[PDB]
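The next block holds one structure in the form of structure tokens; read it before the comments.
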Amino acid sequence: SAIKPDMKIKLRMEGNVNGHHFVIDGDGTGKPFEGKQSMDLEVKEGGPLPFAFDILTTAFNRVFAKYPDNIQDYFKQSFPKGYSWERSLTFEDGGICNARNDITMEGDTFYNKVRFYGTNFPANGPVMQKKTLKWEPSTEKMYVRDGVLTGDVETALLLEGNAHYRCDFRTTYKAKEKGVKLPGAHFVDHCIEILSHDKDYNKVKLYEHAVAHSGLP
């Protein structure tokens with residue numbers, strides 16, 4: 001295996017939401033075989049961010065997912081050359097984002113070149129008013145569409161005052177190496193949480209646990 005039980009993560013995100021430019025750096029560690037990762041995120045430019053930090057967090061690597069022997073692990077077989085993804089996020093009030101990640105590996109470290117573009121968020125809505133609390137736990141449906149591995153998520157952010165703000169994500173995943181074999185259809189369960197933050201979310205500790213399964217217990 002190219003992938004060790006303990007891997008480092010290095011990340012830089014550049015992006016723009018509703019006109020607002022920002023740069024965020026990440027440093028972390030994870031256990032690819034246990035499906036667990038944590039990282040320290042630091043806003044380097046454009047802080048304090050004028051929108052809910054939560055919209056960014058699923059952009060901050062499906063290599064960190066526990067895959068059973070009976071599902072093909074496209075992500076771990078992508079290394080060492082790596083893979084990219086592209087994602088469209090569609091929010092219920094017309095907010096739309098496009099995100100991408102190019103993931104590479106050097107020794108014990110995943111490098112992530114992340115881009116995040118958001119537009120059409122209403123000024124009075126929960127994202128620009130900073131009313132989000134968290135992502136609910138989600139299930140990603142993985143399947144092949146016109147020869148491309150595709151993940152669909154139908155999920156929600158919990159808001160202040162017992163309300164939910166619905167989001168649909170579609171992600172396409174592509175290995176850099178031609179002829180990494182596509183998996184069969186399956187599921188990946190996700191739990192993402194902010195573990196700590198400072199006053200304006202200039203520094204955030206992020207955690208994700210993910211487990212691949214076939215729909216049975």
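Residue numbering restarts at 1 for every chain of the structure tokens, chains are lettered A, B, ... in their displayed order, and ligands are numbered from 1 as they appear.
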_Residues within 12 Å of residue 214 (chain A), please, as a VMD selection string. Count only C-alpha atoms; anything in the same chain fewer than 5 positions from it doesn't count._
chain A and resid 67 to 72 139 to 143 183 to 189
Residues from the last selection, N, CA and C atoms, saved as a tab-separated table (two decimals), in the first residue's frame:
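Here's the written file selection_24.tsv:
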chain	number	residue	atom	x	y	z
A	67	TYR	N	-13.70	1.46	4.12
A	67	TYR	CA	-14.25	0.62	3.03
A	67	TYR	C	-14.11	-0.84	3.43
A	68	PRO	N	-15.21	-1.62	3.40
A	68	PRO	CA	-15.15	-3.06	3.63
A	68	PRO	C	-14.51	-3.77	2.43
A	69	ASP	N	-14.11	-5.03	2.61
A	69	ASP	CA	-13.38	-5.79	1.55
A	69	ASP	C	-14.27	-5.95	0.31
A	70	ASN	N	-15.59	-5.98	0.47
A	70	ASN	CA	-16.52	-6.32	-0.64
A	70	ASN	C	-16.94	-5.07	-1.44
A	71	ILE	N	-16.41	-3.88	-1.16
A	71	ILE	CA	-16.61	-2.70	-2.07
A	71	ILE	C	-15.25	-2.25	-2.61
A	72	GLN	N	-15.16	-2.06	-3.92
A	72	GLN	CA	-13.98	-1.47	-4.58
A	72	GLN	C	-13.77	-0.04	-4.03
A	139	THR	N	-25.89	10.59	4.14
A	139	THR	CA	-25.55	9.40	3.34
A	139	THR	C	-25.30	9.85	1.91
A	140	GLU	N	-24.10	9.57	1.42
A	140	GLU	CA	-23.67	9.83	0.03
A	140	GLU	C	-23.99	8.56	-0.77
A	141	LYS	N	-24.79	8.69	-1.82
A	141	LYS	CA	-25.07	7.57	-2.76
A	141	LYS	C	-24.06	7.62	-3.89
A	142	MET	N	-23.27	6.58	-4.03
A	142	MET	CA	-22.20	6.46	-5.05
A	142	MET	C	-22.69	5.56	-6.18
A	143	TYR	N	-22.56	6.00	-7.42
A	143	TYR	CA	-22.98	5.20	-8.60
A	143	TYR	C	-22.21	5.72	-9.79
A	183	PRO	N	-15.93	1.44	-9.00
A	183	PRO	CA	-16.60	0.55	-8.06
A	183	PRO	C	-18.03	0.33	-8.55
A	184	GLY	N	-18.68	-0.66	-7.95
A	184	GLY	CA	-20.14	-0.81	-7.99
A	184	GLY	C	-20.82	0.27	-7.15
A	185	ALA	N	-22.11	0.41	-7.30
A	185	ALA	CA	-22.88	1.40	-6.54
A	185	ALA	C	-22.77	1.01	-5.06
A	186	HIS	N	-22.76	2.00	-4.18
A	186	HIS	CA	-22.68	1.82	-2.71
A	186	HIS	C	-23.05	3.13	-1.99
A	187	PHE	N	-22.90	3.13	-0.67
A	187	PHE	CA	-23.22	4.28	0.21
A	187	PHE	C	-21.99	4.64	1.03
A	188	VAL	N	-21.88	5.92	1.36
A	188	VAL	CA	-20.89	6.38	2.36
A	188	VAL	C	-21.65	7.26	3.34
A	189	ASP	N	-21.63	6.87	4.60
A	189	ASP	CA	-22.21	7.66	5.70
A	189	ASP	C	-21.16	8.64	6.18
*Residue set, region 4-217 of chain A restricted to helix (DSSP H, G or I), as an MDAnalysis selection string*: chainID A and resid 53:56 74:77 126:129
*asked:* For region 21-24 of chain A, find every residue with an atom within 7 Å (counting only C-alpha atoms), except residues of its own chain fewer than 4 positions away, and show them as a PyMOL selection string.
replied: chain A and resi 12-16+41-46
_Could you tell me how far CA of residue 194 (chain A) sits from CA of residue 162 (chain A), in Å to one decimal place?_
18.8 Å
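Residues within 10 Å of residue 155 (chain A), counting only C-alpha atoms and excluding same-chain residues fewer than 3 positions away, are residues 91, 135, 136, 137, 138, 139, 140, 152, 158, 164, 165, 166, 167, 168 and 169 of chain A.
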*Spatial neighbours of region 118-132 of chain A, 12 Å, only C-alpha atoms, chain gap at least 2 places, as a PyMOL selection string*: chain A and resi 14-22+48-56+87-99+115-116+134-136+156-166+194+200-201
*Mind listing the strand (DSSP E) residues of region 4-183 of chain A, per DSSP on the backbone, as a ChimeraX atom specification?*
/A:7-17,20-31,36-45,83-91,96-106,109-119,132-135,138-145,148-159,163-175
*Quick one: pull the distance between CA of residue 107 (chain A) and CA of residue 35 (chain A), Å, one decimal.*
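Between these atoms lies a distance of 19.5 Å.
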*Have a look at CA of residue 58 (chain A) and CA of residue 8 (chain A) and let me know their distance in Å, one decimal.*
18.1 Å
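You can rank A:4, A:113, A:174, A:145 by their closest distance to residue 31 (chain A) using only C-alpha atoms, and at the top of that list sits A:4.
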